[PDB]
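Protein chains in written order, with full-length UniProt numbering: chain A, 938 to 985; chain B, 18 to 240, 244 to 305; chain C, 306 to 367, 371 to 502, 509 to 597.
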Ligand SMILES: *[C@@H]1O[C@H](CO)[C@@H](O[C@@H]2O[C@H](CO)[C@@H](O[C@@H]3O[C@H](CO)[C@@H](O)[C@H](O)[C@@H]3O)[C@H](O)[C@H]2NC(C)=O)[C@H](O)[C@H]1NC(C)=O
Ligand SMILES: *[C@@H]1O[C@H](CO)[C@@H](O[C@@H]2O[C@H](CO)[C@@H](O)[C@H](O)[C@H]2NC(C)=O)[C@H](O)[C@H]1NC(C)=O
Ligand SMILES: *[C@@H]1O[C@H](CO)[C@@H](O)[C@H](O)[C@H]1NC(C)=O
C-alpha cells in the first residue's frame with residue numbers, strides 16, 4: 938500500500954515544469970512552452 | 018456625520034484560549050471517508066486571545082493589524098460587532114473598504130472614504146435601529162459597490178447571556194477578499210466556549226485595496245454615543261499545516277494543528293488520530 | 306483502449322460574444338497607480354477584438373493564453389506605462405509597476421495589449437503628467453489600485469512634503485519624443501483574469523458512455539452517470555481517495571454526476587502452438 942501510494946503521489950511532482958499536469962502544459966501553455974515541459978514530466982515519471 | 022463618544026474606554030483584555038476555532042472549508046472540493054493534510058492561513062489551536070469586553074462606555078475600535086488575514090469571533094447578545102473597515106492608513110488618504118451589515122443589507126464599497134476617527138454604527142439603543150452609517154460621509158475614486166439580499170437583524174441592547182456565536186475568517190489574495198462565516202447558538206456567561214465549529218465561504222470580494230490594517234466597526238448604543249455588551253476577539257491566521265478529518269457527507273468533523281506539540285506533529289506524520297505505542301521517525305532539526 | 310463516443314458540454318445560461326469597447330476602443334488611459342477598472346461579465350468571450358483594432362500594436366498574451377477563459381470576471385484595465393515599464397506588467401514580477409502600481413493574479417492570465425503612442429501621449433520635454441509609484445510603505449497584493457494623491461512618508465515617520473528630505477511617491481516616466489522606444493508611452497489594456511467562458515456551448519448528458527466532456531471548471535474523458543454524493547451547497551466537484559476528480563455538480567442543471575474513467579486493459583493471447591494449430595484465443 939505504501940509502494941502504490943508512493944507511485945501515485947509522484948504523479949503530482951512538478952519535476953521543474955510549471956505544473957505536474959501534462960494536460961495543462963498541453964492545452965494552456967503555448968506549444969513551444971509545452972514541448973519542453975512535456976519532456977520534463979515524462980523523464981521524471983518514467984524514471985519514477 | 019462623523020461624531021464621537023462621551024467617553025471611550027479600553028476593554029477588559031480578558032485572556033482566553035481559543036481551542037478548536039478558525040477551521041474552515043478552504044476549497045470547493047468534496048471529499049469523503051478520508052483524511053486530508055494541507056496548509057492555509059488557519060487560526061492555530063490553543064491560541065492565546067484577549068476578550069474585548071465592549072461595555073457601556075468601553076469601545077475598542079482603533080486600528081488593528083491584519084497583515085495577511087485575521088480570525089474574528091464574537092459571543093453576541095446586543096449584536097455589536099457587525100462591520101469592519103479594511104485598508105492601509107484608515108484616513109481619507111487611501112482606498113479602503115467598509116463592509117457593513119446595516120440591519121437590512123450587507124453594503125460593501127471600496128473607495129477613498131471620508132473616514133471618521135471613530136468607526137461605529139449610529140444606532141438608537143432602545144429599539145436597535147440605525148440612523149446613519151457614521152463611519153464615512155462620502156467617498157472618492159471607487160472600485161466596487163455591493164448590496165446583498167434583504168433580511169432583518171435585531172441589534173438592540175440585550176440582557177442575559179450571549180445567545181449568538183459567529184466565527185469569521187478574512188484574507189487578501191488576487192484582489193479577492195475572502196470572507197467566511199461560522200455560526201452556532203450559545204448560552205454564554207463569559208468570554209467564549211470551547212468547541213469545534215467550521216466556517217463556510219460566503220463572500221468573494223474583488224475590492225482592490227491594500228489591506229494592511231483593520232478596524233472593527235462596533236455598534237454604538239445611546240438614546244454623545246455609548247455602547248453595550250459584547251465580547252469579541254482578534255485572532256491571527258497563520259500558514260500552518262492541518263489535518264482535516266472528513267466524514268461520510270464531507271463534513272469536517274475534527275482536525276489537528278501539526279505545530280502545537282510533538283504529539284500532534286506525530287499525528288500528522290502517521291496521518292491518523294490513532295497512534296500505536298512506539299517510536300516513529302519525524303523531521304530532522 | 307476504449308475510444309470515446311460523445312461530447313458533453315454542460316454550462317450555465319449562454320449569451321453571445323459581447324462587444325468589448327473597454328478592451329480595444331478607449332481613447333485616453335490614466336496613470337497606472339490609479340488604473341481605471343473596466344470589467345467583463347456574462348459573455349462567451351474570445352477577445353479576438355484585442356487583435357481586430359485600429360488602436361493597438363503589440364497583441365501579446367501572458371499568445372494562446374487568449375482563450376484561457378472559463379472563470380470569473382475579466383478586468384480590462386486601462387493605464388499608460390513607459391516602454392521600460394511595459395516589461396513589469398505581469399503576475400508577480402515586482403518591478404515598479406507590479407510592486408506598487410498594478411499587480412496581476414496568476415490563476416489564469418490574459419493579455420497585455422499596448423500601443424505606440426509617441427505622437428500623441430508624449431512631448432519633447434517628457435510628458436511628466438503621467439506618473440508611477442516607486443516607493444510606498446507596503447507592497448501591493450495582486451489586483452490592487454492605489455488612489456493615494458498624498459505626500460508620502462519615506463520610512464513611516466511624520467515626514468511628508470512640503471517638509472525637507474521628504475519624498476514624493478511618484479516619479480516622472482519620462483515620455484520623451486526625442487528618445488528611443490524605452491521612454492515611450494504605451495496605452496495598455498490588460499485583461500486581468502480573476509463570469510466568462512470561451513469554449514462555452516451546450517450539449518446533452520451522454521450518460522453511461524465513454525465520452526469527452528467539458529464542464530465549467532472541468533475537462534477530460536470518462537463515463538458519466540448520476541451520483542449520490544452529498545455535495546455541500548458551496549462545493550463544485552468531488553475527488554476520489556486519490557487526487558483524481560470523480561464527481562461534479564452539473565454547471566447547467568445541478569445534477570450530481572460520477573466520472574468513472576474509460577475502460578482499458580492488457581491483452582493476453584492463448585495458443586497451443588504453431589506445431590499444434592494456427593489459432594488463438596485472447597483475454
Ligand atoms: C450524512 O447525512 C445523512 C442524511 O442523508 C445521514 O443519514 C441519516 O442519519 C440519521 C441518523 O443516523 C437517520 O435517522 C435514523 O432514523 C431511523 C428511522 O427513523 C431511526 O430509527 C434512527 O434512530 C435514526 O434516528 C436517517 O434516517 C439518515 N437518513 C438517510 C437518508 O440516510 C447520515 O447519518 C450522515 N452521516 C453521518 C456520518 O452522520
Ligand atoms: C497569554 O497572554 C497573556 C498576556 O496578555 C498572558 O498573561 C500574563 O502572562 C504573564 C506571563 O506569561 C503572567 O506573569 C501574567 O500574570 C499574565 N497576566 C494575566 C492577566 O493573565 C498569558 O499568560 C498568556 N497565556 C499563556 C498560556 O502563557
Ligand atoms: C511437432 O509435433 C510432433 C508431434 O506429433 C513432433 O513429432 C514433431 O517433432 C514436432 N515438430 C518439430 C519440428 O519438432
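Backbone N, C-alpha and C fix where the C-beta goes; we use that ideal spot for every residue, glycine too.
Chain-ordered, the chain C residues with CB closer than 7 angstroms to the CB of residue 945/A read 556. Not one heavy atom of ligand 2 sits closer than 7 angstroms to the Cβ of residue 280/B. Residue contact check for residue 587/C against chain B: no CB pair falls below 8 angstroms. Contact check between the stretch 446-456 of chain C and the stretch 538-548 of chain C: fewer than three CB pairs, one atom from each, fall below 8 angstroms, which does not count as touching.
In this structure, residue 31/B lies near residue 68/B, with their beta-carbon atoms less than 8 angstroms apart. Ranked by Cα distance from residue 251/B, the options 52/B, 89/B and 258/B are led by 89/B. For the options 253/B, 220/B, 194/B and 221/B, the alpha carbon positioned closest to that of residue 85/B is the one of 194/B. Residue 946/A: member of the alpha helix (DSSP H) spanning 939-946, first to last residue.
Using a CB distance cut-off of 8 angstroms, residue 982/A does not count as an interface residue toward chain C. Residue environment analysis places residue 63/B among the exposed positions, since fewer than 16 neighbouring C-beta atoms fall within 10 angstroms of its C-beta. With contacts defined by Cβ atoms closer than 8 angstroms, residue 957/A and residue 950/A form a contacting pair. Residues of the same chain with a CB within less than 7 angstroms of the CB of residue 73/B, apart from the 5 flanking positions on each side, are 246, 247 and 248 in chain order.
Residues of the stretch 949-969 of chain A whose Cβ lies closer than 7 angstroms to any Cβ of chain C, in chain order: 949, 965 and 967. Our two residues, residue 57/B and residue 261/B, have alpha carbons roughly 7 angstroms apart in a direct line. Here the alpha carbon of residue 490/C sits roughly 47 angstroms from the alpha carbon of residue 551/C. Under the three-state reduction of DSSP, residue 288/B is assigned to helix. Interface annotation, residue 111/B: in contact with chain C, CB-CB separation under 8 angstroms.
Within the same chain, 351, 352, 353, 355, 418 and 419 come within 8 angstroms of residue 374/C by CB-CB distance, once the 5 residues on both sides are set aside. Within chain A, the C-beta atoms nearer than 7 angstroms to that of residue 372/C come from 967, in chain order. Apart from sequence neighbours up to five positions away, the residues of its chain that approach residue 474/C with a beta-carbon distance below 6 angstroms are 467 and 468, ordered along the chain.
At a threshold of 7 angstroms, residue 65/B counts as near ligand 2, since its beta carbon sits closer than that to one of the ligand's heavy atoms. For residue 589/C, the distance from the CB to the nearest heavy atom of ligand 3 is below 7 angstroms. For residue 32/B, the shortest separation between its Cβ and any heavy atom of ligand 2 lies below 7 angstroms.
With a cutoff of 8 angstroms on beta-carbon distance, residue 441/C and residue 338/C are scored as near each other.
Short note on residue 569/C: C-beta not closer than 7 angstroms to any heavy atom of ligand 1. Between ligand 1 and the CB of residue 267/B, the shortest heavy atom gap is smaller than 7 angstroms. Of 244/B, 134/B and 286/B, the smallest CA-CA separation from residue 278/B is found for 286/B. When DSSP states are grouped into helix, strand and coil, residue 525/C belongs to the strand group. Annotated three-state conformation of residue 384/C is strand, per DSSP. Relative to the Cα of residue 381/C, the nearest Cα in the group 395/C, 470/C and 510/C belongs to 510/C. Here residue 18/B is not near residue 134/B, since their CB atoms are 8 angstroms or more apart. Between the stretch 154-171 of chain B and the stretch 204-224 of chain B, the count of C-beta pairs closer than 8 angstroms reaches three or more; the two stretches touch. Within the chosen limit of 7 angstroms, ligand 1 does not reach the beta carbon of residue 48/B with any heavy atom. For residue 981/A, no beta strand (DSSP E) segment is defined; the enclosing uninterrupted segment is the alpha helix (DSSP H) at 968-984. CA-to-CA, the gap between residue 500/C and residue 384/C works out to about 6 angstroms. Closest in C-alpha terms to residue 321/C, from the list 336/C, 590/C and 516/C, comes 516/C.
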